[PDB]
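What follows is a single structure, written as structure tokens, with notes after it.
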Amino acid sequence: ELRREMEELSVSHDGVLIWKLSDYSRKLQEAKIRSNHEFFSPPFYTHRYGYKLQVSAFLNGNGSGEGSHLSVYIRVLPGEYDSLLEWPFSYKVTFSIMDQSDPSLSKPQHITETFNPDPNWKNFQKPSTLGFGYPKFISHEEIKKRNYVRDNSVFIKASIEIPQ
Amino acid sequence: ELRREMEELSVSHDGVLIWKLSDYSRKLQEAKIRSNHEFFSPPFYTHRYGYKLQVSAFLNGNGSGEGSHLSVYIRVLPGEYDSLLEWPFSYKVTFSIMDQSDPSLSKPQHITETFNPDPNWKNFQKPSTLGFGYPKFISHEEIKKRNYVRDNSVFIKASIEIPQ
Amino acid sequence: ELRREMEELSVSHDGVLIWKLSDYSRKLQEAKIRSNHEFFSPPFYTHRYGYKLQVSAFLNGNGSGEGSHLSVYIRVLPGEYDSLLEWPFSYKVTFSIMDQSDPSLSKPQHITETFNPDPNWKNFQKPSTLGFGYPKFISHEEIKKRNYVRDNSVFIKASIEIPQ
Numbered sequence: 011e012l013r014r015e016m017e018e019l020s021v022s023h024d025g026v027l028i029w030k031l032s033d034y035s036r037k038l039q040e041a042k043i044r045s046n047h048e049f050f051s052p053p054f055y056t057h058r059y060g061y062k063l064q065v066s067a068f069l070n071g072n073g074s075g076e077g078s079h080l081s082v083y084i085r086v087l088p089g090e091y092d093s094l095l096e097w098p099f100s101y102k103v104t105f106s107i108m109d110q111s112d113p114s115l116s117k118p119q120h121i122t123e124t125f126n127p128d129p130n131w132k133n134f135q136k137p138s139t140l141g142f143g144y145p146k147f148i149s150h151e152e153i154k155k156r157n158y159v160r161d162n163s164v165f166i167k168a169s170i171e172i173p174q
Numbered sequence: 011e012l013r014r015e016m017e018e019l020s021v022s023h024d025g026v027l028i029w030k031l032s033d034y035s036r037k038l039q040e041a042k043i044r045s046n047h048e049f050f051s052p053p054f055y056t057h058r059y060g061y062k063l064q065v066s067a068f069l070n071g072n073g074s075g076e077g078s079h080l081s082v083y084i085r086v087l088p089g090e091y092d093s094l095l096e097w098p099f100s101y102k103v104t105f106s107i108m109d110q111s112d113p114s115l116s117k118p119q120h121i122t123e124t125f126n127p128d129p130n131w132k133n134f135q136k137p138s139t140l141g142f143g144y145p146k147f148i149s150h151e152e153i154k155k156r157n158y159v160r161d162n163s164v165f166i167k168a169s170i171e172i173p174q
Numbered sequence: 011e012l013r014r015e016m017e018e019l020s021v022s023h024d025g026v027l028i029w030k031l032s033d034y035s036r037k038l039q040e041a042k043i044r045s046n047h048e049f050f051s052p053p054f055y056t057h058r059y060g061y062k063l064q065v066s067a068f069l070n071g072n073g074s075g076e077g078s079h080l081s082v083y084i085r086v087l088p089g090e091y092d093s094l095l096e097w098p099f100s101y102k103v104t105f106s107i108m109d110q111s112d113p114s115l116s117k118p119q120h121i122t123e124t125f126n127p128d129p130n131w132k133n134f135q136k137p138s139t140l141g142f143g144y145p146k147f148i149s150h151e152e153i154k155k156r157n158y159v160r161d162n163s164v165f166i167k168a169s170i171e172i173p174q
């Protein structure tokens with residue numbers, strides 16, 4: 011299956027995944043209709059034979075962010091190499107929404123959060139489903155400022171700290 | 011035909027290929043019927059524009075391992091960049107069958123062999139195929155111990171030492 | 011689109027792209043009929059979420075190389091991450107045509123040029139399309155010497171200097 015081996019060559023470079031959401035305005039409008047409308051990133055591996063992770067977003071917010079914020083979560087997926095890895099998952103995760111301006115002409119102001127995975131979080135235990143994240147990661151009023159939206163797309167970056 | 015350029019994106023990370031054989035028990039029973047039943051790994055490159063190598067296994071053994079051992083071999087394949095490389099192939103190769111237990115929760119005991127390629131080995135000369143390996147790499151009695159089989163799959167790792 | 015996501019997994023290793031042109035003699039003969047016959051490399055990214063570049067060649071030459079030289083150019087393509095990058099593009103580019111002989115049995119003599127991108131070059135500005143290069147990169151008389159052609163193929167290498 012060429013789709014299935016498509017997914018196995020999805021690996022983060024130095025632990026970094028950048029998820030591009032294009033056609034933001036059309037996707038936001040759909041999210042504002044659907045009460046729990048969640049977009050999912052392509053699966054990515056932390057390192058080559060490591061953990062399979064996936065990022066998701068609620069363009070019109072989840073929980074306390076509903077109607078006011080973009081909510082961002084990450085979750086562990088069942089991976090082909092899980093029985094070789096340490097459990098529970100515990101690498102520190104950092105979320106960013108990118109300020110899309112030229113780093114030479116200004117200093118971009120990315121919005122960033124970082125957490126250390128909770129050892130009791132069910133999803134961070136060895137897969138055999140609720141992801142961890144930020145319901146109020148960035149508000150609709152803030153994402154309209156600077157260049158968090160540009161050419162009608164947004165960039166979510168997830169970066170995992172690998173001890174190497 | 012996207013499969014062939016799927017193959018050109020198969021590269022080892024730092025010289026390392028991990029080959030997952032799933033559904034071990036059904037594959038073993040087929041191997042116990044067919045006298046020389048050989049499974050082949052996906053091709054992988056040593057480094058980015060390097061040598062194309064391939065691992066193979068006889069789940070019910072080859073030669074002196076027939077009926078008692080898993081036999082593991084590696085071979086050089088014709089690669090798209092061969093005329094740029096040094097010949098014969100000579101990087102040291104290390105085979106492992108992985109003990110699939112949690113490295114924090116225990117200390118996995120992987121079984122490992124390593125060889126230095128023989129310069130007279132016909133397959134290690136420049137291609138336009140007998141692979142080199144171990145007929146008695148691990149016995150049927152040993153693979154049933156610890157976690158060399160887990161969730162009905164086994165992991166063969168091939169590691170190539172790149173001088174860089 | 012599996013062809014479109016084929017392209018997003020095309021990245022240079024340490025900034026390096028090697029473009030193999032096989033069936034050189036048939037392609038050259040076509041080039042000698044078509045006055046401005048240009049072959050294009052697969053797109054490649056400088057680094058993981060970096061600039062999308064593309065190499066091209068005129069097997070029977072372009073401009074002052076027409077009829078006598080292989081001409082080589084590079085150009086910036088619209089990339090999925092452009093608004094995250096510095097503009098104009100400015101990493102130094104190095105072109106090579108590889109002498110395809112064994113580096114242990116001989117010392118290969120690759121032909122090499124290198125330039126620093128001109129800040130006023132229209133193609134090196136942020137895309138919303140003329141590439142920069144060498145019309146007389148290597149002459150038909152020189153490419154017939156040593157092993158610049160071997161097994162009826164040639165290797166063009168482009169290497170980008172990434173500051174990291």
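The listed protein sequences correspond, in order, to chains A, B and C. If you're matching positions, the first sequence starts at 11 in our numbering and goes up one per residue. If you're matching positions, the second sequence starts at 11 in our numbering and goes up one per residue. If you're matching positions, the third sequence starts at 11 in our numbering and goes up one per residue. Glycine included, C-beta positions come from ideal geometry on N, C-alpha and C.
Residue-chain proximity (residue i, chain B), Cβ-Cβ < 7 Å
| i | result |
| --- | --- |
| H150(C) | no |
| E11(A) | no |
| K30(C) | yes |
| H23(C) | yes |
| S93(A) | yes |
| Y61(A) | no |
| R58(A) | yes |
| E48(A) | no |
| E76(A) | no |
Residue i in three-state terms, based on DSSP
| i | result |
| --- | --- |
| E11(B) | coil |
| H47(B) | coil |
| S163(C) | strand |
| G89(B) | coil |
| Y34(A) | helix |
| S74(B) | helix |
| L94(C) | helix |
| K117(B) | coil |
Cutoff 7 Å: residue i Cβ touching any chain A Cβ
| i | result |
| --- | --- |
| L19(B) | yes |
| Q119(B) | no |
| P113(B) | yes |
| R14(C) | no |
| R160(B) | yes |
| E171(C) | no |
| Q110(B) | yes |
| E40(C) | no |
Distance CB(residue i)-CB(residue j) smaller than 7 Å
| i | j | result |
| --- | --- | --- |
| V103(A) | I170(A) | yes |
| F54(A) | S20(A) | yes |
| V86(B) | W29(B) | no |
| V164(A) | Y59(A) | no |
| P127(C) | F99(C) | yes |
| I107(C) | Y144(C) | no |
| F68(A) | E96(A) | no |
| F105(C) | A168(C) | yes |
| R160(A) | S93(C) | yes |
| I148(A) | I121(A) | yes |
Beta-carbon proximity list for residue i, same chain, < 8 Å, skipping 5 on both sides
| i | result |
| --- | --- |
| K146(A) | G71, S74, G75, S78, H79, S81 |
| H57(B) | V21, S22, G25, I172 |
| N133(B) | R85, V86, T139, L140, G141, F142 |
N- and C-terminal bounds of the alpha helix (DSSP H) containing residue i
| i | result |
| --- | --- |
| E152(B) | 150-153 |
Beta-carbon contacts of residue i that lie in its chain and below 6 Å, excluding the five residues immediately before and after
| i | result |
| --- | --- |
| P118(C) | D109, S111 |
| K62(B) | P53, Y55, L87, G89 |
Endpoints, beta strand (DSSP E) assigned at residue i
| i | result |
| --- | --- |
| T139(A) | Premise fails: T139(A) is in no beta strand (DSSP E) and is neither H nor E. |
| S106(B) | 103-107 |
| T124(B) | 121-125 |
| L63(A) | 62-68 |
Close-in-space but distant-in-sequence residues of the same chain around residue i (CB under 7 Å, 5 per side omitted)
| i | result |
| --- | --- |
| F50(C) | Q64, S66 |
| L38(B) | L69, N70 |
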